[PDB]
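Visitor: One structure coming up, written as structure tokens, with questions to follow.
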Amino acid sequence: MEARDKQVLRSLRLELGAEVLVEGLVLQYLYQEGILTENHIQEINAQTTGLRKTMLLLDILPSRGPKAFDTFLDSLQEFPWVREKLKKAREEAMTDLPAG
């Protein structure tokens with residue numbers, strides 16, 4: 001049960017985390033919606049480059065954010081390709097019981 005959203009994060013976390021976005025309204029809808037928090041502020045304000053911001057969510061959701069995904073995706077400045085590949089990892093990254 002408690003390993004579906006966090007599983008997605010980690011997965012696509014490193015994937016798109018390596019390099020995908022460098023700017024675009026995203027964590028703004030989040031930080032506001034609640035996805036984030038003061039704690040994030042520190043991490044998000046920490047980037048110092050641009051690609052970090054992304055890593056951030058991917059770095060926060062896994063620790064600070066139980067149901068921040070659905071919303072963290074609603075931000076996906078590039079959803080068309082980031083959201084798909086994401087929810088894809090929600091279906092894939094999410095440890096499944098079945099097998100075949």
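In the structure tokens, chains take letters A, B, ... by order of appearance, with residues numbered from 1 within each chain and ligands from 1 in the order shown.
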Apply DSSP to the structure's backbone, then extract all residues of chain A labelled helix (DSSP H, G or I) and return them as a ChimeraX atom specification.
Guide: /A:5-18,27-33,38-44,51-60,69-75,79-92
Visitor: With C-alpha atoms retained, could you export that selection as an mmCIF file, in the first residue's frame?
Guide:
data_model
loop_
_atom_site.group_PDB
_atom_site.id
_atom_site.type_symbol
_atom_site.label_atom_id
_atom_site.label_comp_id
_atom_site.auth_asym_id
_atom_site.auth_seq_id
_atom_site.Cartn_x
_atom_site.Cartn_y
_atom_site.Cartn_z
ATOM 1 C CA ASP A 5 3.582 7.264 -5.128
ATOM 2 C CA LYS A 6 7.003 7.117 -3.504
ATOM 3 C CA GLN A 7 7.922 4.334 -5.930
ATOM 4 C CA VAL A 8 7.141 6.477 -8.938
ATOM 5 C CA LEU A 9 9.109 9.376 -7.585
ATOM 6 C CA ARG A 10 12.328 7.435 -7.058
ATOM 7 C CA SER A 11 12.014 5.777 -10.476
ATOM 8 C CA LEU A 12 11.439 8.739 -12.776
ATOM 9 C CA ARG A 13 13.225 10.773 -10.103
ATOM 10 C CA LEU A 14 16.683 9.828 -11.349
ATOM 11 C CA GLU A 15 15.516 9.416 -14.950
ATOM 12 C CA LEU A 16 14.232 12.888 -15.745
ATOM 13 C CA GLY A 17 16.302 13.953 -12.759
ATOM 14 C CA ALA A 18 19.503 13.605 -14.763
ATOM 15 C CA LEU A 27 6.927 23.932 -8.382
ATOM 16 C CA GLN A 28 5.108 27.273 -8.201
ATOM 17 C CA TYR A 29 1.698 25.638 -8.527
ATOM 18 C CA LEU A 30 3.024 23.117 -6.085
ATOM 19 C CA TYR A 31 4.763 25.184 -3.427
ATOM 20 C CA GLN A 32 1.432 26.992 -3.438
ATOM 21 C CA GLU A 33 -0.925 24.030 -3.621
ATOM 22 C CA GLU A 38 9.149 25.749 4.270
ATOM 23 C CA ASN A 39 11.456 22.736 4.251
ATOM 24 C CA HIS A 40 11.289 22.737 0.466
ATOM 25 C CA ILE A 41 12.001 26.459 0.288
ATOM 26 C CA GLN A 42 15.447 25.558 1.545
ATOM 27 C CA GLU A 43 15.975 22.834 -1.040
ATOM 28 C CA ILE A 44 14.283 24.699 -3.897
ATOM 29 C CA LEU A 51 18.125 21.597 -13.054
ATOM 30 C CA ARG A 52 18.163 21.254 -9.271
ATOM 31 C CA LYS A 53 14.652 22.666 -8.880
ATOM 32 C CA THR A 54 13.486 19.544 -10.689
ATOM 33 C CA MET A 55 15.635 17.230 -8.603
ATOM 34 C CA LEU A 56 14.073 18.997 -5.675
ATOM 35 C CA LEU A 57 10.511 17.771 -6.066
ATOM 36 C CA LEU A 58 11.914 14.400 -6.998
ATOM 37 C CA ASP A 59 14.039 14.774 -3.865
ATOM 38 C CA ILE A 60 11.232 16.070 -1.650
ATOM 39 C CA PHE A 69 2.493 13.380 -6.929
ATOM 40 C CA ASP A 70 -0.909 13.845 -8.586
ATOM 41 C CA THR A 71 -0.332 17.553 -7.966
ATOM 42 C CA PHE A 72 3.409 17.536 -8.673
ATOM 43 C CA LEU A 73 2.414 16.260 -12.119
ATOM 44 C CA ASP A 74 -0.282 18.862 -12.589
ATOM 45 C CA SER A 75 2.718 21.200 -12.575
ATOM 46 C CA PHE A 79 3.604 17.004 -18.848
ATOM 47 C CA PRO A 80 2.969 15.947 -22.500
ATOM 48 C CA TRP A 81 6.231 14.022 -22.141
ATOM 49 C CA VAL A 82 7.127 14.313 -18.455
ATOM 50 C CA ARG A 83 3.679 13.436 -17.107
ATOM 51 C CA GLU A 84 3.253 10.469 -19.421
ATOM 52 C CA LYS A 85 6.686 9.079 -18.662
ATOM 53 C CA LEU A 86 5.851 9.800 -15.025
ATOM 54 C CA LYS A 87 2.489 8.166 -14.570
ATOM 55 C CA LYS A 88 4.112 5.476 -16.634
ATOM 56 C CA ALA A 89 6.605 5.055 -13.825
ATOM 57 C CA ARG A 90 3.666 5.101 -11.428
ATOM 58 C CA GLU A 91 2.386 2.023 -13.118
ATOM 59 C CA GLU A 92 5.903 0.617 -13.518
#
Visitor: Applying 8 Å and only C-alpha atoms, which residues near residue 4 (chain A) remain after dropping the ones on its own chain fewer than 6 positions away? List them as a list in words.
Guide: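 The residues that qualify are residues 90, 93, 94 and 95 of chain A.
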